[PDB]
C-alpha cells in the first residue's frame, strides 16, 4: 500500500553514517552538506539544453536501436498528451495501432507500435511508474528486454 511520504524516509536513511559507511560513500566525510534527494542549486543553475530530442531519435532509429517510450497516464508534470504530440511529430508509420495490453485480466495500459519505436502508456500510474504500478511496470520492463510487443 502506497505511502506518499517515501522521500522523507529516504532522507533520514541516507543521512545515517552507518549506511554511508555500508555504501562506501562520503568516505572521507568530506561531503560538506546534508544528503538530499535532489540538488536545488543544480536545479536552478542549469545551462545548455537543446529544445528538441527529435533529431537524435531519428539518428538512433536510423541506427537500428531498440527505442521504447512510456508514460504513466495520471502524471501531470510530463503528461501523456505531451508525449503523444512529440512522438507524433517524428512522423513514423504505424505497424500496430493503439490497442489495450493486459496484465492478467485487467487492462495494464495502451500501446502503439511504429516502425522504429514503441509507445506504451501505464493505466492509473503517476510520474514514477514503478512506484505507482510496480507490477505492470515489471511487465513493461521484461517485454522491452525481449523486444516483444505489450501483450494481450
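Positions refer to the first chain, counted from 1.
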{"property": "Comparing 118-126 with 100-108, the one whose average Cα B-factor in the PDB entry is higher", "result": "100-108"}
{"property": "Residue range whose averaged C-alpha B-factor is higher in the record, 6-14 or 127-135", "result": "6-14"}
{"property": "Residue selected from 38, 63, 69, 92 by maximal Cα B factor", "result": "38"}
{"property": "Third of chain Cα B-factors occupied by residue 57", "result": "middle"}
{"property": "CA B-factor ranking of residue 45, expressed as a third of its chain", "result": "highest"}
